[PDB]
Structures are given as structure tokens and as C-alpha cells.
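K.L.:
these chains are from a complex, not moved at all, and more is on the way:
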Amino acid sequence: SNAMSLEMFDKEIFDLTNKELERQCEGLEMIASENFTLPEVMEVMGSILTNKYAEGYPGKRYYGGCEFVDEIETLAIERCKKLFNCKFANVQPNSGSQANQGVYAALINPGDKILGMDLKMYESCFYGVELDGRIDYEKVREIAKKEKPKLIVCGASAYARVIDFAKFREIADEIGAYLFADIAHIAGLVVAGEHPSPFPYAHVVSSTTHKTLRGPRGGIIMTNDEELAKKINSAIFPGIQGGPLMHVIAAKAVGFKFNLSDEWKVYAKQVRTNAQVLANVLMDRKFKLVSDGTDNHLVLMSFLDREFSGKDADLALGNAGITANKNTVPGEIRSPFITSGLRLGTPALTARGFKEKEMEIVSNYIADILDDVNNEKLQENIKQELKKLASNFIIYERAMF
């Protein structure tokens, strides 16, 4: 009778949590930025580490009694350093947003200009992608030379191709800017060698730990520069946060141990392979993909040549048990609330054990639906077939660990 105390005490929450597990098991999760956490990561999250208030850093805490949490945090930091092969890591950020805020606070001053990708504490300017779905680095260079930002940021949620960190660094160097790489969406590939590292090109790198690394939700910051490391540490605490979430930090350490394993490289490679199958099938079925394929874990479909919208596609897929998300595309002609595109990713399906054959099956069904997007009976039928298919790939026997 697992979590029987919760069931007796707060049956509503208990029931809702099990329904969410049922939803994760029965449907196909193809939101590019989602993944399935390890049971071992979840086990340590529901722990008495939540009771410890540990403001400061290991060996340098504000309160006493931190002998064991200091060892836990040190383990997280050391594994993070090994994973990214870097000299400094901060594992305290509560989220990707706080990680990025910490980097900004460390590197620039309020009011300073940031140049970032688009697909008031600081001044923002943006670069984007061309109609062919790729960054034009000469244009970025031109934008940088005219705007003169103090900081250039790279990384994006819906970019299907390799980010050329070396070119970004060449550009930053021309105008004397810092280069900050936010690799939250591709970090799991980076640590496996399935995407080039942002080091040594980025001065500072941030990531989240759940999306691609399959750890708990949270942020991390990495650097090789000791002075920047000190500034990052101060910016996170006391600058932006108080005491860290120690149960999450322990969870991060557990996740990193998995990321360091041989199994991780196998997983990361399969993520890319699965995305290749997804892309190839959709294109063979005569759908347009932004950039005509992918280098990573995601595909972005374009419906500029089609009858239906991105929101239409998202809702049809949803009705067939497939969770994705509408997304704007280059040459966009519709409201950002409607879009003419759909983003799909493979990390979560790969995590539950889908391989090329399963990807081909799902990809063809996606195609079937979008070939007949108004046929609600077709969606119902596919929903049942997919629930059956998914029943062979169950990674969670329970909702709480």
C-alpha cells in the first residue's frame, strides 16, 4: 500500500497524481522539452533533506549542522564538473530562469544590453532564423556590430540544428562581449558527445537538469573562469536566492551519476536516431520540416503550404493521444496564438524505450492524422492503437517513489 498515508490524508491530491501517471503511461509524450525522471531521482526528492536550511556554499554555510548536506552538494558539484569537463559548477539554481538570472547578474549591470535568440531589468535585442530555418551568422554579426551588446546569449527551444558556438564566440570577440550558452534544451546530447560542447567558446554555460538530462527540475551554471565562478556564486546567493533546495540538489547528483554512465551515451544516441526516423518519415509522407530535417532531438513542421494551422494540428494529435505543441515558423502568417507549425521531440519516448521501429509507427500515424486533420474518428482509433503500443513501454509502476 504505497503512499497509503497520503491516500488516507489527502485522497484528492493522491487521486490526481495517479491520474497524471495514467496520462503519462497511456499517451505519447512528444513535447520536445519534456522527459521522464529516474525513479532513483524521485526517491531522494521525497526525503528529509527538505528540512535542512543550508544558505551559503559547502564549508561556508551560515548555519551549523551542515556536515552531510555539504557532502551531498559537493558530490553534485563534482559530478557536474566531470560531466561537462569544466572547472567550476554551481548546482544551487532553483530553475533554468534563476540560473540565467544569476549569469546576467554575474556578468553585466542592470540596464545593460543583451543580444539573444527569438523564435525591464536589462535591454534586449534579438536575432532569429532565416526562411530556411537556420541562423545566418553574418546577420547576427551585423546585428551585434550595430547594437553593441555587453552579452550575447545562444541556445533556443525550437532550433532543430547544431548551434555553432565557435561562430558566436568569434562574433562576441569582435565587439568585446561575453558569450553565454544556455544549453538547457540540448545538454543531455552535449554531455554524451552527440552535440558539440559550448566549451571553450562560451565564457559561461547554463542548463536545466530535467529536460534533456532526465534529472529533477532545476538549474545549473558552469564555467572555467575562477573570477567568473566567484561572481556567479555571489549572484546566486545572496543575490537571487536564499537557501537552496537540498532534496533537489541530492536528486541532481543522482541524475548526474546516471548521465556519467555508459548507458547515457546509448540513450543520447537513440534520442538523435529516433528524431532522424521521425524527420525522415514525415518528409517521405510529404510534410515540410523547418530546415528540412534535424541535428538533434526535435523536429519542427511547417504548415505554410497547408490548409490547417499549427493549433489545429496540435489539437488533432492531442485527440489521438499524442501531446505536442503548436509553434510559429519562419515566414509565419498567423497569430502567435495560432501558429503555422508544430514542434515534436523524442527524448521522452526514447526514455520509455521506443526505438526506430516504434518511431516509424508513430510517425506514420502522425502523418495519417495530419493528412485528414478533421477526421475525429481516425484520431479516436489511433488513440486506442497508441495506448496499446504504449502499454509495452511502461517505465513507472507507481506514481510516487
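P.N.:
Great, that's in hand. Numbers count the residues shown, from 1 in each chain, chains lettered A, B, ... in the order given.
K.L.:
show me what contacts residue A:256?
P.N.:
Contacts for residue A:256 (CB atoms under 8 Å, 6 or more residues apart in numbering) come out as A:76, A:79-80, A:82-83, A:213, A:215. The way it works is simple: take the backbone N, C-alpha and C, and place the C-beta from them, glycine included.
K.L.:
before we move on, what about residue A:66?
P.N.:
Per CB under 8 Å, 6+ apart, neighbours of residue A:66: A:52, A:54, A:58.
K.L.:
wait, residue A:14 sits on residue A:5?
P.N.:
No: using CB atoms under 8 Å as the test, residue A:14 is too far from residue A:5 to be in contact (9.6 Å).
K.L.:
who has more neighbours out of these two?
P.N.:
Between residue A:14 and residue A:5, residue A:14 has the larger neighbour count (other CB atoms under 10 Å), namely 18 against 10.
K.L.:
okay, and the closest residue to residue A:44 other than its chain neighbours sits in which element?
P.N.:
Nearest non-adjacent residue to residue A:44, counting by CB to CB, 6 or more residues apart in numbering: residue A:250, 4.7 Å away. Using DSSP states H and E, the element containing residue A:250 is helix A:246-259.
K.L.:
just how off-centre is that helix within its chain?
P.N.:
16 Å (CA atoms, centre = their mean, to the nearest Å).
K.L.:
swap in stretch A:280-300?
P.N.:
With CA atoms, centre = their mean, you get 19 Å for stretch A:280-300.
K.L.:
then stretch A:228-245?
P.N.:
How far stretch A:228-245 lies from its chain's middle: 22 Å, per CA atoms, centre = their mean.
K.L.:
so how far is the first residue of it from its last?
P.N.:
For stretch A:228-245, the first-to-last residue distance is 23 Å (CA to CA, to the nearest Å).
K.L.:
would you mark the buried spots in it?
P.N.:
Across stretch A:228-245, burial judged by 16 or more other CB atoms under 10 Å covers A:228-229, A:231-233, A:235-237, A:240-241, A:244-245.
K.L.:
list the contacts of that stretch.
P.N.:
Taking CB under 8 Å, 6+ apart as the rule, stretch A:228-245 contacts A:50, A:53-57, A:73, A:87-88, A:90-94, A:98, A:101-103, A:105-107, A:203-204, A:218, A:221, A:223.
K.L.:
domain-wise, how is chain A divided?
P.N.:
A:38-260, A:261-401 (curated CATH domains).
K.L.:
and of those, who's closest to residue A:26?
P.N.:
In terms of CB to CB, the element of the domains of chain A nearest to residue A:26 is domain A:261-401, at 5.0 Å.
K.L.:
span of the closest one from start to end?
P.N.:
One end of domain A:261-401 to the other measures 22 Å (CA to CA).
K.L.:
likewise stretch A:48-58?
P.N.:
19 Å.
K.L.:
and the contacts of it?
P.N.:
A:61-63, A:65-66, A:69-74, A:77, A:233, A:237-238, A:242-247, A:249-250.
K.L.:
show me these that map onto helices.
P.N.:
Counting by DSSP state H, those place A:69-74, A:77, A:233, A:246-247, A:249-250 in helices.
K.L.:
buried ones among the residues you listed?
P.N.:
Neighbour-count burial (16+ other CB under 10 Å) is assigned, among these, to A:69-70, A:72-73, A:77, A:233, A:246-247, A:249-250.
K.L.:
taking these, tell me the two that lie furthest apart.
P.N.:
A:233 and A:247 (21.0 Å).
K.L.:
can you give me phi and psi for residue A:219?
P.N.:
Backbone torsions for residue A:219, taken as degrees, to the nearest 10, come to phi -120, psi 160.
K.L.:
now for chain B, put it on the one above:
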Amino acid sequence: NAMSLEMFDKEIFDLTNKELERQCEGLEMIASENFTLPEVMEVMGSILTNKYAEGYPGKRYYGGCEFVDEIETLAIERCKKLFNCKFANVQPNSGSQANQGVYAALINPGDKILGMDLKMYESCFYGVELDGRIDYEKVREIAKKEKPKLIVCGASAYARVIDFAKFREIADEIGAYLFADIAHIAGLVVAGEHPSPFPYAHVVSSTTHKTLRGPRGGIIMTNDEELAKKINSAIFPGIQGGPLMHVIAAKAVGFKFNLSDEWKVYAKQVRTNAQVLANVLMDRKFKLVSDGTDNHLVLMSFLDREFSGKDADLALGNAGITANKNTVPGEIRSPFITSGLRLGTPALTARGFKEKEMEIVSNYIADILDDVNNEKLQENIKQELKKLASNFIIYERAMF
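P.N.:
So that you can see how it sits with the rest, here is chain B on the chains above:
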């Protein structure tokens, strides 16, 4: 249990168990510490960590949010009931993010904030007088001189009731917002053991662990619909992305407990226990800031002593009691050394201590501070306290 973790990552498994043993064997008296409910921890280690839910219930960026929307709605509704307010935001990742959200909602970068003292905005401060209480006329003249756009009240080491009405009167005189950060007293407030900041504060923040025994995290509350909208926008997408859904479910569970009859009993015992601690220390001839307390904490002053707050903190630590050094009115030492000691009762109360046990521990504290360099006494008391602690165990395991 947690056998899978034990097999996969023995180092983390072992360290987590050692931390459990430390919490069991020691006497936790850091005023801001507490013990989370087992039921809260159960839902924290759940598959809700897997859902990305940017936005608010019924208005998310992603589909598939049917069930997490119902969870967050439940947390919001329970929070509104607990604080008797018309709007709540339960997404803040921490007290720090909650407060940043409030600043971002109410004022502009560079604007001035007046807050309590013991880059984005300008900060000014008021403090406490030698008698250990806020002089509200002094606060008023600071406010008139500085003209902040926002006044903040709430403090981590203030032992007396905060006069929210007077703070609002001061704010009104200068056309400022009043923000009450009640993280350190929220558990007393929701039980009626401290006056509510509403309707005096425009916006109220709190954390969910310290005094409410929920998970670590933040919340924001208001009665003003226009401010609620600004608050929600500030939190997302201003300050955060996706919320921690496993934590939001945990906050909901915690609120359910806070709403129960047992909560009021707990909160009253917290105050009673703090009265015992205060009375014993003063009977033993120690000075307390403001000569007592109205809440969960006491602040000892050592201006009349040869040892520092740091010395006291280390002496208690050696005897197995966790506390923290703290500056005091009339402070004469570095703030990294201090002339005081903050002590609180929430954690000991949570594990079942009542008056009799408080009297034992308070007299041990007095014994130590009467002979601060007596290392053997500390060792002996540590032994006695471990025995006392063994009779008050609330966790049978480290992971739920």
C-alpha cells in the same frame, strides 16, 4: 526502503540517512527550521516532476494539463481559505522568488524600497530600538524623508507582534504600497495566534516550510484583483518559467494540514513553548531582546557578557543544539561575530516537545552559557539531550 536508490547511488543514499540521524539525535532550535509532514514528502517524490506546465490553470502553453491544473487549483483554493484572501499565486520556487515577483509587480527597476534591518532597486532601512521594539514614529519619519514606492515589513528575528495597521498608515501618508513578508510567522497567523496582515498589506508573501511545515517554496497573496494580475505576470513569464508541479502538489497537502483543527493546537503549543523558553532563560538571569516574546522565537542579548553570539552558537552546537548567532540592538561587535543568539520552538514543537521538555532544554542552555568554555559539560549535556530526543521521533525513515 528506497532500495533502488541504495543500489544505484549508495553514497547519496547513505548521506541522506546520516542526515536523518542528525535530525533525530540533535535538538533543532534554529527559529526558521521545521519538520515537513511525511505526506508532503510522499507527493514530492512523484511523477509530477515530469510535467512542464508554463502558464496558469486553464491558460497553459501546453496541452495535457488537465490534472496538474486541478492540482494547482486545489493549492490556490486552499491557500485562499487559509489566509482568507481573494487571490493566491502558489508558483514561486522560493521565498526569494516570491519577493522578487512582488517587487516586479508593484514597482520599477531603480525604485526605492524601505525594509526592516535586523542592484535592481534602491534599498533603505528602519530598525528596532534598544527596548527591542519597532519605533513606528521613527519609521514614519524615515518614510517621509526617503519617499520609497514600497514599504516592506516582516523580519526573521523580531520577537513581537508587527503592527500592520501602523505600517499601512505610514505607507498611505507617502502613497507607497505595503508589502508584508510573513514567512517567519505565517503558521501563527493562519491559526489566529498572530494578527493577519490583511487588510492592511496590499500584498503578502510567505514561504511554505518554516512555519507551515509544507515543502520549501514561496506563495503570494492579495485581495486586489489588479495587483493579482500584475503578480501573476511578474511570476510568469517575468521571474520564472514552468512551476515545480511536484512542489505545488506538496504545498496543497501542507495547506490541508494547516486548515485542520490539529494546526491550531500546534500553533498554540509553539507559542506556549516559546514562553517557557523565554521565562526560564530570564529566571536564569539572561537578557532577552524586548524582555520576552509574543511569537515563536527569543533573541538573547550578550552585551552584558564576555562571550559573543558566535561563542554561544558554537557552545550550544557542541552540546547538540542547533541555533544561530544574531546581532542585537546596541550591537558592539562585528555582524559576523554578533552579541546575540536567536532560538525558536517550531521544530521541537513539531516533534512533540511540550512545557516539561522545554524547561529541561532551556535550563541546559542556561547551564552551557553560564560556563561557555566548559567543553565537558557540553559533552555531558549532549548525551542527556540525545536521550531526551530518542523519545520524540517523528520519522521512521529518511525517504517517503
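K.L.:
check the contacts of residue A:66 one more time with chain B there.
P.N.:
Residue A:66 sits next to A:52, A:54, A:58 when contact means CB atoms under 8 Å, 6 or more residues apart in numbering or on different chains.
K.L.:
the last one: neighbour count?
P.N.:
Read that as residue A:58. Other residues within reach of residue A:58, judged by other CB atoms under 10 Å in any protein chain shown, total 16.
K.L.:
the residue of chain A found nearest chain B and residue B:29, how far apart?
P.N.:
The minimum distance from chain A to chain B, using CB to the nearest CB, falls at residue A:46 (2.5 Å). Distance, residue A:46 to residue B:29, by CB to CB, to the nearest Å: 26 Å.
K.L.:
phi first, then psi, for the residue of chain A closest to chain B.
P.N.:
phi -90, psi 50.
K.L.:
kindly report the same for the one 4 residues further on.
P.N.:
With angles defined as degrees, to the nearest 10, residue A:50 sits at phi -60, psi -20.
K.L.:
partners of the strand or helix carrying residue A:206, with directions?
P.N.:
Secondary structure assignment for residue A:206, by DSSP H and E: strand A:204-208. Strand A:204-208 sits in its sheet next to strand A:178-182 (parallel), strand A:219-223 (antiparallel), going by DSSP bridges.
K.L.:
tell me the contacts of residue A:145?
P.N.:
Counting by CB under 8 Å, 6+ apart, residue A:145 makes contact with A:174-175.
K.L.:
how about 10 Å then?
P.N.:
By CB atoms under 10 Å, 6 or more residues apart in numbering or on different chains, the contact list for residue A:145 reads A:171, A:174-175.
K.L.:
which positions within the helix or strand hosting it qualify as buried?
P.N.:
Residue A:145 belongs to helix A:137-147 when assigned by DSSP H and E. For helix A:137-147, a neighbour-count test (16 or more other CB atoms under 10 Å in any protein chain shown) marks A:140-141, A:143-144, A:147 as buried.
K.L.:
do the same with stretch A:333-351
P.N.:
Result for stretch A:333-351 [16+ other CB under 10 Å]: buried residues A:334, A:339-351.
K.L.:
one more: stretch A:292-307?
P.N.:
For stretch A:292-307, a neighbour-count test (16+ other CB under 10 Å) marks A:293-303, A:306 as buried.
K.L.:
among those, name the ones in helices.
P.N.:
Per DSSP H, the subset of those in helices is empty.
K.L.:
would you agree residue A:370 is in contact with residue A:306?
P.N.:
Yes: between residue A:370 and residue A:306 there is a contact under CB atoms under 10 Å: 8.0 Å.
K.L.:
what touches both of the two?
P.N.:
Counting by CB under 10 Å, 6+ apart, the residues touching both residue A:370 and residue A:306 are A:287, A:312-313.
K.L.:
now these: which count as buried?
P.N.:
Buried among these (16+ other CB under 10 Å): A:287, A:312-313.
K.L.:
possible to save the strands paired with strand A:204-208 as TSV with mean neighbour count?
P.N.:
Below are the strands paired with strand A:204-208 laid out as TSV (neighbours: other CB atoms under 10 Å in any protein chain shown):
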stretch	mean neighbour count
strand A:178-182	25
strand A:219-223	28
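K.L.:
and the stretch 151-300 of chain A, which residues reach chain B?
P.N.:
A:184, A:208, A:210-211, A:214-219, A:235, A:237-248, A:250-251, A:253-258, A:261 (CB under 10 Å from any CB of the partner chain).
K.L.:
one more time with 8 Å, if that's ok
P.N.:
Neighbours of chain B within the stretch 151-300 of chain A, by CB under 8 Å from any CB of the partner chain: A:210, A:216-217, A:240-243, A:245, A:247, A:250, A:253-254, A:257-258.
K.L.:
of all these, which two lie farthest apart?
P.N.:
Largest separation among those by CB to CB: A:242 and A:258, giving 28.8 Å.
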